[PDB]
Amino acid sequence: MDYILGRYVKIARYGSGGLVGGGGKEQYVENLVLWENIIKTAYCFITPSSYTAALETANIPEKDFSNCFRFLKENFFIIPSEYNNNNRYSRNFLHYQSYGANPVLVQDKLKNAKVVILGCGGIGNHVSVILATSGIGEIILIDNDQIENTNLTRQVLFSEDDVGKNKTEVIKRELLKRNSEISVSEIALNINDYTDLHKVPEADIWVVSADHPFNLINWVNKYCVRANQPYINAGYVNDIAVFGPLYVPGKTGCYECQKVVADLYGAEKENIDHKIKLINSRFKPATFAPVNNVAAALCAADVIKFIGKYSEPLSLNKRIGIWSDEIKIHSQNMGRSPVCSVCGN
């Protein structure tokens, strides 16, 4: 029954009242008197204190104190003293506390988790290092490519001295330089047929950050539905950052439930079809690190939330685009269809 003020609380005057808190839970309090009383209440909990011990020293009416305490609690501005107790993950612990979570139990779930990174290029680089430094206990890196100089625009764990080396081996070296408390392993594999997915180990979640052929995502989706394997896709369509869907067996839609994304990269007319296939074979995305990094970042966030259970991943039932040449975030609905030819009932 001791409470403490989270370190992530800040206070400002603003407009006709004030602000309490920052981020999604920031509250504007127009009533100045109420804002002042929230501050006085907040101040009682700098050190761990009971409701009654604070009510003893607050010097405002109990009616007002009760209101202020409820307000601070319902926004997780004050948290159980239990939840605040040196620690390399301590900034992440503030993030978990700010959602009303016990940060040690979240951290324990991350430590016990295994994640597969399928594809160790732009997306894979950025996701892997976030997960490693957030304390995901076991990371499996899958790729069969070598580092090229053009990769250095996005593939942040690679240096000039690394050109020609294998991607999995350099990611592993760089991850363990950043967090030597975790386990990393490599698998040299190119999934060029559906059947190669049998070589990919079961895990808490697959990060699907590989993109050849155009229908790899379709293969992965079908395999993961059949294998009861959660996955999340991320990447970009040229200048649009994409993340999601986050597929959870029996819970969310799969990639094919809703028919929003094109699946015929071709034509019913053979002459036209061959032209299309050539153009699409020659296709190289207009990669831009900022697009890459946004997609990767929000993909990693959803992995940490999926495993840590403290807040709902954004990409459940959704494939989310963030535009880079205008201000726009748009979700494609990928909710479950009872008539999905892949995952139905």
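One rule holds for the numbers: they count along the sequence shown, beginning at 1.
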- Item | Between neighbours residue 86 and residue 85, residues that the deposited sequence lists but the model omits | 1 to 3
- Which is higher in the entry, the mean Cα B factor of 190-198 or that of 154-162? 190-198
- Task: Read off the CA B-factors in the entry, average them over 163-171 and over 260-268, and name the higher stretch.
- Result: 260-268
- Based on the PDB entry, the highest CA temperature factor among the options 304, 278, 58, 38 is that of 58
- With respect to the C-alpha temperature factors reported in the PDB entry, which of 109, 95, 212, 126 ranks highest? 212
- Third of the chain, ranked by Cα B-factor, where residue 31 sits: highest
- Query: How does residue 52 rank on Cα B-factor within its chain, lowest, middle or highest third?
  - Reply: highest
- Task: Please rank the C-alpha B-factors of the chain's modelled residues and tell me whether residue 180 sits in the lowest, middle or highest third.
- Result: highest
- Query: What third of the chain, by the recorded C-alpha B-factor, contains residue 149?
  - Reply: middle
- Task: Relative to the other modelled residues of the same chain, rank the CA B-factor of residue 228 and answer lowest, middle or highest third.
- Result: highest
